[PDB]
A.B. asks: 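Below are the structure tokens for one structure; questions will follow.
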Amino acid sequence: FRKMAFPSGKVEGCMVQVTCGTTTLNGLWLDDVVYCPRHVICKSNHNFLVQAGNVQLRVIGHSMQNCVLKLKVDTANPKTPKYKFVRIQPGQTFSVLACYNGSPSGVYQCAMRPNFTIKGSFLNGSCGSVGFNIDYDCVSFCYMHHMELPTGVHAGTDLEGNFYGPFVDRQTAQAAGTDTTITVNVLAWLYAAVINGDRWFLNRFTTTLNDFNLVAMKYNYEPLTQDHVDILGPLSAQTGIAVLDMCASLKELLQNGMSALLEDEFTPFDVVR
Amino acid sequence: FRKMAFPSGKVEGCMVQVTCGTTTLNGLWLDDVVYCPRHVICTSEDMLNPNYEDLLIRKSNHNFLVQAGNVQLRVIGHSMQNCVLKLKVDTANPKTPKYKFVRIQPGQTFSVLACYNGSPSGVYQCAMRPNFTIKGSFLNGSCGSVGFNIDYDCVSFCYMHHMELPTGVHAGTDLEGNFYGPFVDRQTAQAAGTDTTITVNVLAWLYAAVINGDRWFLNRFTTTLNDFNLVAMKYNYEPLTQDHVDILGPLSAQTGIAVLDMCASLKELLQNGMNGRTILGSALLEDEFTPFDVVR
Ligand SMILES: CC(C)=CC[C@@H](O)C1=CC(=O)c2c(O)ccc(O)c2C1=O
């Protein structure tokens, strides 16, 4: 199994450079609007320098929405794809197109951690890089990168500029809470191991949701929701392994050890695809 | 430090769908040539002992359905170069990036754009294993998916996917149709040689661990190159060569840690384990970053 990112092509043709005075970051150019972190003003249209490759764009209007600055420009972006702005929940996955001063640098697959950070790894100038999912040619933009937290992880907003997690776009000491493990994603990945070839970790035992959660929380694992059980029901059908018996494999796996560590960045949806 | 794949847009614009009778693969449309694996001209039978020159002489331009999205391409010429089919078409590809073909060596990295039936599905980052295989993650019909690097908007194509080995790994060719490793595009009992860790990549990754925060794995010792190899090959690590030592020289300079000291560090790590500790962001020693990657 390899984590894969979505192909980044449709998002690549939307990335511009946005410069206000001494500060430069990335922006997202959809139709005639460029989206970027409001941090770029730390005004009337003329002091916003927006470049899409070799051209310069003329800002003809500006507007804030929460922590995102909306820059209206003279031209619509002819490379605009079909797109939605969505907000994801911890444990869901998405791809990030890291950019430096407008130029897409690389792409990687993420999970929104349960403490609302992403273990990204970032170029010096990746502010305003976006995260997205693609379904049948529709880009779901779900993340705009703002900050690195002192602990090496990253914090950002949705494309309506609402922060994920208890962070502000001021230079206050802020720290991630204790990150947990995305339990429902480990289970999907253990299903994917049996749906492939691996079934040594299976056992004849089951467990209850309550007795599993007490075991789980001590190894810093997210509690498991009766909805979490439901979502993994397709995979229980495909393999013949009930969710609470895969939990017994997981409970035992949490005490004996034996990739060689348990992956938590594949959603159940990811595994079905 | 997240492994990143290259932005895939320049290769997305080149993927097509190649069909021959009942066989559909991915092809690579550059200027007015579509490249794809010659296996596309095989049938039901054929797979065990195909005679590709025989099957190809029997083919006309109009037996090849080449589709780019919703547009069918007219093939106006065909030709085999090693294990790759090359179809000449009507139209140059308008989206053709600046490109070149290169052949890579074990231990070098690249991105793979995995496609089905001509549509890109995902991109991942990759190392060519020492035994000349790939640990890919391939959907059903990813064959003809290509691998590549991008440097200053120039696309170097270096891999084309052909087959999945009985052990779960993947074999392919360069874009001139010469296989990497001792494999043939043939359904016979062929096995990957024993895979080993890319030692020069772990040491580069260890230097990247020092340039960032961590020094917890360092130690007082040093080692000779020969003594290092005798220990490491007992863990299925690739022998380090003078070339590899020379290649690590730059990172040695930036850290003031000598190459053979870093080697002594790695010896101890292989002896001890992590003790549930973490180096960059991994409980595993990571061997798919090259010395070239680490600098950038
Ligand atoms: C190589 C092996 C031990 C078994 C499969 C072999 O028959 C085969 C070779 C091949 O080259 C190929 C492609 O190139 C593309 C698709 C595809 O299924 C195939 C194949 O199955």
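Only heavy atoms go into these numbers, but all of them, side chains included; no hydrogens, no water, no symmetry mates. Numbered from 1 within each chain, the chains take letters A, B, ... in sequence-line order.
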A.B. asks: Rounded to the nearest 0.5 Å, what separation is found between the CD atom of B/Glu12 and the NZ atom of A/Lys10?
C.D. replies: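 These two atoms lie 8.0 Å from each other.
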
A.B. asks: Nearest 0.5 Å, please: how far is CG in B/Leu139 from CE in A/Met4?
C.D. replies: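 Between A/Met4 CE and B/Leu139 CG, I get 6.0 Å after rounding to 0.5 Å.
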
A.B. asks: Under a 3.5 Å distance rule, please check whether B/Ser137 uses its side chain to pair with a backbone N or O of A/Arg2 as donor and acceptor.
C.D. replies: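 Yes, because the side chain of B/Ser137 sits within donor-acceptor range (under 3.5 Å) of the backbone of A/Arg2.
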
A.B. asks: So, A/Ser8 side chain and B/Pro7 main chain: donor-acceptor pair closer than 3.5 Å or not?
C.D. replies: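 Not at all, since once roles are kept as given, no pair shorter than 3.5 Å links the two residues.
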
